[PDB]
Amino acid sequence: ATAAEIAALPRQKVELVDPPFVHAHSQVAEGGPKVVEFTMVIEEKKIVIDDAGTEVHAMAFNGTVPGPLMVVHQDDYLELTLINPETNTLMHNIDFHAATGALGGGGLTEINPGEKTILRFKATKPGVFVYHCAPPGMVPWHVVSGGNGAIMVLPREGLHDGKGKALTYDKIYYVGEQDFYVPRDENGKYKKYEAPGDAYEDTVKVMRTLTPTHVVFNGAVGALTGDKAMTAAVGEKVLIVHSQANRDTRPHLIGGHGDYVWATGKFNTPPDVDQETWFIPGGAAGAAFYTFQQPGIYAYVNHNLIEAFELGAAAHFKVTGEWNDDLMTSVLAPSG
């Protein structure tokens, strides 16, 4: 399209919501190509990531870790207004894996505190894609401080399975998984700092071990459990988008499956089916589609079970409905 043709396209302002929820959208596109507009203020803030009061100096797109899911359709334009407030201490930017050119946008969005920028790109490829901060020379530090999220570029005709039959979800959730590298002192206690820059040297040493101290969903241990469990009902079709900007993960729904899984995250690559545990490499997003068949509590984990149950990578689903004894029954309950 020409500059004039794009200027004539309809504009739609989207209001982002905090993960794991996803802003309102249509699966099948409602009309022709649009310029879909998003705004995000980058907030540098302390976050507490475990029950020992361990702190991270986060880079929080839109005030969350992960940053929110942005949803467009293929051949829409995504126009982001990105704002770095004067209260921040560092330069930041954004690299959309979904975009083409200038290091994903990173080369065009370097904004110091007190500045803002507007980037527009054409979402030419359908899929879920990571986005993340990437300041030259400081890239991994910003990403593992929580400066990452994802977007979903739906096909204009919605999702389909490998034979072209429609796949339509009732619910969608976004799980951002984060590897943290928190320095400790001589007695094994996690260190606290009063400024992001103060922890840099110490953090780089931990990162070089390639061994995260914490691996969490939605910014902290237990962030998606207890009261913040995701919900569904028997019969409901659910899409779980999962991202990891820096490090591999292997998602698994304990008690369920991935009926369809775009493990590469790309919708023109047909989905795998009947999956127990799928694999998303660092620097990517994937998506799984599941129809719940049984009520009760499910745990959704990175199935390196040390990472899930020692380091923090575990979420819950609470599911309502009728139990199915054909699928599963206790013939003899635990007894002497």
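Note that residue numbering follows the sequence shown and begins at 1.
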**Prompt:** What stretch has the higher average Cα B-factor here, 180 to 188 or 122 to 130?
**Reply:** 180 to 188
**Prompt:** Between 190 to 198 and 92 to 100, which has the higher average C-alpha B-factor in the PDB entry?
**Reply:** 190 to 198
**Asked** Checking the entry, which one of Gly286, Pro66, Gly283, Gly31 has the top C-alpha B factor?
**Response** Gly31
**Item:** Largest Cα B-factor, entry values, listed residues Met207, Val139, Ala166, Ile240
**Value:** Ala166
**Message:** Sorting by Cα B-factor within the chain, modelled residues only, which third would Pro10 end up in: lowest, middle or highest?
**Reply:** highest
**Fill in**
Entry-reported C-alpha B-factor of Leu16 relative to its chain, by third, is highest
**Prompt:** Lowest, middle or highest third of the chain for the C-alpha temperature factor of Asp227?
**Reply:** highest
**Complete:** Quick tally, chain-level thirds of C-alpha B-factors: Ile42 sits in the highest
**Complete:** Here the Cα B-factor of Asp259, set against its chain, lands in the third termed lowest
